[PDB]
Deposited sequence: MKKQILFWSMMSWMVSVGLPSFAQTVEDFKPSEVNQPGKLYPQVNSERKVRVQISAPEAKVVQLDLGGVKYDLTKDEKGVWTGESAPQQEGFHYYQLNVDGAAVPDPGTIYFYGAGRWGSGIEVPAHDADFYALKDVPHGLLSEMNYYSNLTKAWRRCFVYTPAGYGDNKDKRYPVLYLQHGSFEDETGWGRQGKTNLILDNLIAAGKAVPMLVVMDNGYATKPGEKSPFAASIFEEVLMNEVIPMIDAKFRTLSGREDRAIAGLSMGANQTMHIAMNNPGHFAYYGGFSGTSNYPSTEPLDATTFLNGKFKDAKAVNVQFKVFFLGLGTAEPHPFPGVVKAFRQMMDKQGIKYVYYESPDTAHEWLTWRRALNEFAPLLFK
C-alpha cells in the first residue's frame, strides 16, 4: 500500500485514524490487547486487521470509490462504531462513515463564501401523534432584506436514514452555499424532514405511510407561516433519494397545484395504470413541471439502473419531458446524491 495516508475529514478531534491514501484505501487502527480478531467492515467486505506487540490493531481496505461510505468495526463478534470518527445516521444506526476525497470534491467544500444557517425545528404532529423534527437551511443573505421572500426545496432521505442525512452526509448547506455564491442557483430555503410517518397505532415497517399528509398539512404550512417564503407552486420544489425519490414522486404527482419541480435520485411500465395513471396525460405532466429530473450512479447495483431505465422508456414513449444525470463511478451512496443535488438545484426557480 502506498504510504501517503492522511487523517480523514471525519475523524474526531485529535484522532489520527482512520486515514485514507492516494489509492483510496482506508486504514483503521484500534487498541484491543486482549482481542482474538478485529476487522474493518467496509463495502460489504471484511478485512482482518493485524495486531502488533503492544496489542494495537492496524489494517487497510481495498481501494474504495470516491466519496462517503458507512462502515463499522468488528471486535471478536461485536459490531461497533470506530472510536476514530464522528457518527452518521444510516443503515438504521448511528455509526461510522469514511470520506474518501473525490476529484470534484470542491463543489461541497467549506469555502470562503457567505454561509447560510442550518436550523433545527421541533414540532408536534397531530397526524402521527408524536414529536417530529426537521432541519431548515436558510441562505446566507436571508437576514439582509427582511422584506425579501424565497422559494423552497423539500428534500428527502432514503430508507433507514433520517432528517439529518441530507445536512450531514449530504453536505446540503455547503452545496447550496457554494452554488448560491457562484450565482449558479437561486437563493432558496431547503427543508429536510423525516420520511417515516405512520398512524398513531402502527409501529410496523409495512404500515401505511402518511408522510404525504404530514408534509402537506403540517410541514409546508408551518414553513410558509414561520419563514419568509414564496408559496406559489412555481416557488416550491420537491426531491428525494432512494425510497425518498418514490415518496416525493407520489407527493408531487398527487399535488400538482403545489409543486412545479421534481427530482428523483436513484429511485426504486404501462402509463395507463402506473401510479393511478398520472402519466397518462403527457401534456398535463409537462405543464405541471418546469423541471422533472432523474439521477443515477453509473455503479449502482440491481435494481436501480433497471428502474430508471423502464421509467425513462415510459417517459420517452409518452412524450413527457425530463432531465437525466449520471454520477460517474458511484453507487447507491451519498456522493451520487450530493452530485445529483448539485446538478438539480441550479435548475430551480428560473
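In this chain the deposited sequence has gaps in the coordinates at 1-24, 293-300, listed in sequence order.
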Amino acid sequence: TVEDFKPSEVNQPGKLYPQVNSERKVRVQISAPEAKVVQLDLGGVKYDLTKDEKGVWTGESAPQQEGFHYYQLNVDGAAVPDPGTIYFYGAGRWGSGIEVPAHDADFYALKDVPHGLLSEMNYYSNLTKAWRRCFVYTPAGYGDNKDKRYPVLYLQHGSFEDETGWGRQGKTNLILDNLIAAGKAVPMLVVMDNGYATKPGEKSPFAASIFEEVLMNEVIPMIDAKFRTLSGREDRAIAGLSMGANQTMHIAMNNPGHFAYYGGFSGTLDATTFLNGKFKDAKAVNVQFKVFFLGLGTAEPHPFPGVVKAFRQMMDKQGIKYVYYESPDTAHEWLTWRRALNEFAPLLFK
From here on, numbers count along this sequence of modelled residues.
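The deposited model assigns a higher average Cα B-factor to 103-111 than to the other stretch when 103-111 and 149-157 are compared. Here 300-308 and 54-62 are compared by their mean Cα B-factor, and 300-308 comes out higher.
In the deposited coordinates, the residue among 30, 35, 284, 42 with the greatest CA B-factor is 284. Of the candidates 82, 224, 218, 270, it is 270 whose Cα B-factor is highest according to the PDB record. When the modelled residues of the chain are ordered by C-alpha B-factor, residue 251 sits in the middle third. In the PDB entry, a CA B factor belonging to the lowest third of its chain's modelled residues is recorded for residue 18. The PDB entry assigns residue 75 a C-alpha temperature factor belonging to the middle third of its chain's modelled residues. Compared with the other modelled residues of the chain, the Cα B-factor recorded for residue 330 ranks in the highest third. Among all modelled residues in its chain, residue 241 ranks in the lowest third by Cα B-factor.
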